[PDB]
Amino acid sequence: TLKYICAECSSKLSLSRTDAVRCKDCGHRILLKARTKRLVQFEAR
Amino acid sequence: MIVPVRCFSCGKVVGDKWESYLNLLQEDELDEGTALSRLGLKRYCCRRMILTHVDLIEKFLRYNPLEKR
Amino acid sequence: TXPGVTXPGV
Amino acid sequence: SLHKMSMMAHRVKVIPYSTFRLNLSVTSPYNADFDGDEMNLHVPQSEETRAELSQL
Amino acid sequence: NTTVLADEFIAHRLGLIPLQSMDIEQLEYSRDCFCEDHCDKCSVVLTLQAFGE
Amino acid sequence: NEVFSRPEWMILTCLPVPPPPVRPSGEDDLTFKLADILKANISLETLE
Amino acid sequence: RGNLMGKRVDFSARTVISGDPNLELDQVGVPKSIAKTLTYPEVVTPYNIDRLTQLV
Amino acid sequence: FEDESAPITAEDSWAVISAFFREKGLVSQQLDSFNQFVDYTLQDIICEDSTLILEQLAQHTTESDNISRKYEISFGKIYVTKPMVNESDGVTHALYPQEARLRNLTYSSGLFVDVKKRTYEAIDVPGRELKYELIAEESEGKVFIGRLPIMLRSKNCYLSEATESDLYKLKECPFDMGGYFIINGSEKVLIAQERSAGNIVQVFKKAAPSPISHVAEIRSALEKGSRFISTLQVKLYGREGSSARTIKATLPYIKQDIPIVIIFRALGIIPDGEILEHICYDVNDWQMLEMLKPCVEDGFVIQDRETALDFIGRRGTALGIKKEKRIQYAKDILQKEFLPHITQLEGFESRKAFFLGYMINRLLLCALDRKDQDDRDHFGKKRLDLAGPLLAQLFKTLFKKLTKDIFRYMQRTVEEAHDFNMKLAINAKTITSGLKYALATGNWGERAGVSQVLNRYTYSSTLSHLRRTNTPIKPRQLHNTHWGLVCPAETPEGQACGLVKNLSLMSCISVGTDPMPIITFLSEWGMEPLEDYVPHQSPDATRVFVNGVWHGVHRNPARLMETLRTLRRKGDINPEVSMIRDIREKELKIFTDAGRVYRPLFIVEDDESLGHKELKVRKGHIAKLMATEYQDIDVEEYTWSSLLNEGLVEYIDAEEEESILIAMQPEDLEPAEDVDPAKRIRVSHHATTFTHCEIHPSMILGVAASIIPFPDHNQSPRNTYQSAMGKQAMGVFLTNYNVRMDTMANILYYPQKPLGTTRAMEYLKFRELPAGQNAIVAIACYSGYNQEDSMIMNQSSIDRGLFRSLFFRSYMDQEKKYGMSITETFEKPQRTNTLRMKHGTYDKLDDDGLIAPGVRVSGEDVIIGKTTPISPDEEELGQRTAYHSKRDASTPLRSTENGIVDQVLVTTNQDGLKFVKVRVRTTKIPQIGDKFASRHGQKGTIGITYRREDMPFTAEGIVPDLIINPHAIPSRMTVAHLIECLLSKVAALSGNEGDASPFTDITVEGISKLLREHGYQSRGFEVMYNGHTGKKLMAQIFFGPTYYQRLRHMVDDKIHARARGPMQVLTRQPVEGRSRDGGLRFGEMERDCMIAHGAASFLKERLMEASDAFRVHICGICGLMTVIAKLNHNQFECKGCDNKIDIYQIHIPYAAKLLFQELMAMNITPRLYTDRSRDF
RNA sequence: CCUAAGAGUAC
DNA sequence: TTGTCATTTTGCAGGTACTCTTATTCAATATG
Ligand SMILES: [Mg+2]
Ligand SMILES: [Zn+2]
Ligand SMILES: [Zn+2]
Ligand SMILES: [Zn+2]
Ligand SMILES: [Zn+2]
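Those protein sequences? They're chains B, G, F, H, C, S, D and L, same order as listed.
Each residue of the first sequence is one higher than the one before, starting from 26 at the first, in the deposited numbering.
Each residue of the second sequence is one higher than the one before, starting from 1 at the first, in the deposited numbering.
Under the deposited numbering, residues 1 to 5, 7 to 11 are what the third sequence spells out, in order.
Each residue of the fourth sequence is one higher than the one before, starting from 449 at the first, in the deposited numbering.
Each residue of the fifth sequence is one higher than the one before, starting from 54 at the first, in the deposited numbering.
Under the deposited numbering, residues 225 to 249, 258 to 280 are what the sixth sequence spells out, in order.
Each residue of the seventh sequence is one higher than the one before, starting from 337 at the first, in the deposited numbering.
Under the deposited numbering, residues 18 to 157, 163 to 468, 476 to 502, 510 to 669, 675 to 714, 722 to 1224 are what the eighth sequence spells out, in order.
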């Protein structure tokens, strides 16, 4: 599903809607959404 | 944050003269003025570009990465 | 006074 | 806007930047500098208001 | 970009990198080239791939 | 004035209730005050 | 005092001011975005049907 | 150097300052006050009172149960834990600040108290005195009474003992100084509240109309008691020409001003001679006796203590006491209400009588024109309540509420004979909610603005906010006593000018200590007790005051002061204690209370070896301090406390500063007596009796003013402007800004440390976290586009990164439990089954309703998708069906803002409901209208930007980054700007750093000589060529580097226009604010200007068509708007008037209609008529 | 949405 | 058949625009 990263473990997790937001590796309750896969364009100016 | 690529006023490339500047300051125990003159920064625009830079990126690198691979 | 600084008076 | 000269009718000149631009000589009645002063613009919405604004 | 710098920060720094332009007259402006966004007649493509191992 | 303001009209016997446009709604403060006035009026009427 | 003697009005803009030696005394420079926001209602007349149609 | 005892130089003092800031820090007062509150004040609050006794009498109808019980509850020691957080599942774990900030928690630690419950029983025998005994049911057992918020880096915080590496691990910036609370994830700082000191007698003259001429008052208060303010006033009735000059005292809870002699007789001093002895200490002072005779003449009617007590009771405002108990009532007034700060017990009547005599003595001295009336603005008479005392009084009130609740619960459960439980008794929500409410909101109760959101725009801004003092409300003036304690030029320009102050760099606030050891020292060393003091036998006796309490007299004040100074200089007395000896007034005052503001100073002793006064500090101590600093960056450590404990430096506050002589610098003022004409003129004061020496004059400045280069070469308002404006400078506020979800953040791309730098700015970490850039500035009338404070910025320089910035904005959104199963849900709303969906595109939202980082977002786009359940089965609006069970509560991006989404953070709140934060990043590039300023108050906006080829250029091809108008210089007299430009040019050429410290011996002539040695014109002028034509400019241009700040006021955040938009629901007028697409205010005096212009139709159009035009119907019979108008059916009818053919329509502002309807609702008829009934 | 408070810009 | 003079109570409002952020909405005992 959608990917998140533990704010402390820096590990990758996949979360569904019904999943409680925790890191299975350590138990941290703060997660950051993963970087988008669609390309990003920047003007070098 | 990190050394600017070019001098703001004249546009001389100074982003490749930061590590050389630090090496001259540390290894050779040269004062700042002589080290700046050695690298070829003769106009005081470039001299203030390199002399007054604060390398904050080291501090940023101290924290653990948010996304670690 | 005033107000401020009624009147005086009133 | 302490006096009537601090509220005057100007002619629009459309310019490509995000600031109101005015002549230097008209800053004295407005008591205006360019150190961050903001100014206000009102547009008449009828021919009568437009005409009396331009003629008075 | 998992670094400590913002993406447009690095983009600006890259835009300030001087590149060889001895034969720049043989390249065409992107505005007057028939390609869609960029092609070989009007651009040069570089790739920066770095890892902190 | 004989027609527009007689002295006995300074005593309130009927309160004109303003329409909801005056006190638009979370009720307005005026609505709560009018509710309090009605409650007091009903209490006094029942006591009498 | 807060709604009758003075009130908030439509068709008004506010922004920072800058000086321009190349503007006339009675001219004011208006940002293009402000000019695109503020509008004037012009009655359709035989004398100005063409330009109003073009603006539409 | 080589000599260990050689005198120090002016350069050596910076080592001392370095040691000071190595031990204290910048926010030492906050942490010290909080540590004092936690370590000692909480225990004192708990132990004082808080012993609930409930005596349930026997109420014995029959003698079989004539037993009276007594339940008592006492509170023992208090334990404060490390900060921890609860959870929805009940799991409790350690909480760190960079988790509470993200999760909107409160960085608080639980409080527990050892509660001991005892019960006593006695036999209720009438007549016999009850005797209560233990039943051996002694139950004790800590209980949770609430949570105390903990400021960061305090002794009870996780970061107090953290190292730099640990701080990096915990996502905490090592440069962060702490001293603030985290309330609901927001950083709150307690502004130091200024107040007048207590227990000090102040005498003030009164105006001519008033009958009282002089008033002597004391704001009596006791620290270790009820902490209540009782104001005693002693007033001298009658003007100068009046004859009946009677002195009267305003006792508390008394309706009238009792004559003073009545009070003396009530206290127990009957004879007139003894009263006058208690008042006047000089027999020869016949003027005071003559002025005081009316008082004894007035009081001759009462010649007995009981009579005076009866008189006071008769004047007592209670009026509910019988005649014989009035004596007792008066006794209670004179014991527990009259001068509480002296004592609350009985048997100390003589002390209070002596203090009253002293107050009357001060009043008569002021009335006799022997002393001036007390200055209310004297900073030594002021106290700054820090976090400690504020939290202490708030917690005292809150715990009193809790213990009253405990007593009420105990009474309820014993009267109903139910079982007693401790958990059901205590309500930790009381303390927790009270503290959280007081810290979360500005108000301090159940004052305003006591707690403020910590300013995080720039590092210097944060430092200035953490050292800020506010005075509740000429008090706005900069007083003389403010020297070295508050910044001379750092204050807001608005209504708070002078009221809001900032601490000096080296100024500290005392935390308060126990005065018992000092009283014991005084008694041991020969202080005469006040009880057996007879002024006649000891005429020239120095009165000794401790915390405003006259404790006695001493006959040899010189030796006493010398030994007290020795004890304080070896650390036996706490150095915060201030001791003042007034020789002329023959007084000795010792202050140990909290809130006193002091500063450190060098100590100057006789130094018989050199035969002249010299500093106690020598080159050996400087060498040891340097060695310790070098080791920190193996020998014995030598810190600031080492200097303090060996009598090298001293802490002096304003009161003690009154009685000392200070040398400005050691090298010029200590030694006894062809000069450089470029140097400024200084004097030697022609006097050698100094007691102290300034560590450095530049330490009188605050945090913001220490950034100014050469502040002594500027006009003072310019320094004030820069002090207020550097807080708005843009830079790097913290190093860990990448892991903080702040609401707004601004970061420079390339911060540069100044070329012109001060010695004091390397303790403020300004060279590590700069907030500006060194721009090549030319002062020239180049094109006319930099007139009236405008500037010309180099477009090519902007293209290369000059003053470019990052801007982060964070949006927070929670899901809330509207009911048991009415939980909100973060999701992507669908137009099929959602109401009130915004016009912004929802496409960028993925399944969970949160835009993944990296996606570009423009204005009005939805970034957080949230829906809430509603009641189904409703049909309306044309397209509302039973499927629309969800109402949209999404959060769109700001209308005027756009950028790249940087980061999104999902977590659980305190209640356990998921909530998110979305931080979006954009880049601000300087453009026309952005505000920039030098460090000398030279603000200005960018007029125009020229490319490099169009700018004027020197012979070396250097073009300026900025061009500023010459006309900004002469009127503003910012000479420091020019001097700093010259110094920066020299520093850039030579590679050194320009020492722009204020009071150094750095002159323009020397800088010019160095610049000429570098091959440039000595005064900084350069021959420049016009960019357009290449021809030489006839005038040479002042040219060189200068440090500029980019201010927070950008034009893109201020531009606003509105043709037509949302209207206010009540008045049907445009809404307020550019954030709401509001309208501009056409105020009263704009209308006055338009009236002066004579444009009536334009005014009508502004007030009616532009804002609110309403058509309303009235009738010609009654002018009221009570006309029922069915427009479609074309039927107009005013009920009551019973007319249908006499109706008019008028166009009036909707505000006017609302005003008329409100007048009608207020029983007023504003009848509107359309024809004249009277001739003009 | 309302209210309150605080900070700030130009006078 | 008229002046007299000498204490005690009487009401208050503070410039013009404009920007931003933060918190909070009565808690708790009591009856349906
Ligand atoms: Mg101005
Ligand atoms: Zn983890
Ligand atoms: Zn250069
Ligand atoms: Zn191409
Ligand atoms: Zn009618």
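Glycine is no exception: its CB is placed at the ideal position from the N, C-alpha and C atoms.
Cut-off 7 Å between Cβ atoms - residues of its own chain near residue i, not counting five sequence neighbours on either side
i: residue 1146/L; result: 1138
Within chain L, the residues that residue i reaches when beta carbons sit closer than 7 Å
i: residue 377/D; result: Chain L residues near residue 377/D: none, gap ~10 Å exceeds 7 Å.
i: residue 62/C; result: 797
i: residue 31/G; result: 1039
i: residue 59/G; result: 783
Distance between residue j and residue i (C-alpha atoms, nearest Å)
i: residue 1167/L; j: residue 239/S; result: 19 Å
i: residue 80/L; j: residue 569/L; result: 58 Å
i: residue 1173/L; j: residue 1184/L; result: 15 Å
i: residue 97/C; j: residue 83/C; result: 11 Å
i: residue 32/G; j: residue 1064/L; result: 20 Å
i: residue 429/H; j: residue 487/L; result: This structure cannot settle anything about residue 429/H, because the visible part of chain H is limited to 449 through 504.
i: residue 1035/L; j: residue 803/L; result: 6 Å
i: residue 542/L; j: residue 51/L; result: 19 Å
i: residue 1209/L; j: residue 242/S; result: 5 Å
i: residue 1162/L; j: residue 1189/L; result: 11 Å
i: residue 1104/L; j: residue 1110/L; result: 15 Å
i: residue 581/L; j: residue 589/L; result: 9 Å
i: residue 796/L; j: residue 1071/L; result: 33 Å
i: residue 64/G; j: residue 901/L; result: 19 Å
i: residue 172/L; j: residue 179/L; result: 7 Å
Candidates the options, of which the one nearest residue i by Cα
i: residue 758/L; options: 292/L, 165/L, 1024/L and 197/L; result: 1024/L
i: residue 175/L; options: 285/L, 99/L and 973/L; result: 99/L
i: residue 605/L; options: 687/L, 678/L and 1178/L; result: 687/L
i: residue 943/L; options: 1101/L, 916/L, 871/L and 77/L; result: 1101/L
i: residue 352/D; options: 1200/L, 1204/L, 1149/L and 1098/L; result: 1098/L
Cβ-Cβ distance between residue i and residue j below 9 Å
i: residue 546/L; j: residue 634/L; result: yes
i: residue 1155/L; j: residue 345/D; result: yes
i: residue 855/L; j: residue 947/L; result: yes
i: residue 61/L; j: residue 422/L; result: no
Residue i: contacting residues in chain C (beta-carbon distance under 9 Å)
i: residue 32/B; result: Within 9 Å Cβ-Cβ: nothing; residue 32/B doesn't reach chain C, min ~14 Å.
Beta-carbon proximity list for residue i, same chain, < 8 Å, skipping 5 on both sides
i: residue 401/L; result: 515, 517, 518, 521, 522, 633 and 695
i: residue 1057/L; result: 1066
i: residue 314/L; result: 269, 298, 301, 302, 382 and 386
Cross-chain neighbours of residue i in chain G, by beta carbon under 7 Å
i: residue 816/L; result: 54
Own chain, CB closer than 6 Å to residue i, minus 5 neighbours either side, in chain order
i: residue 454/L; result: 168 and 169
i: residue 548/L; result: 629 and 630
Interface residues of chain L facing residue i [CB-CB closer than 8 Å]
i: residue 246/S; result: 1202, 1205, 1206 and 1209
i: residue 69/C; result: 848 and 849
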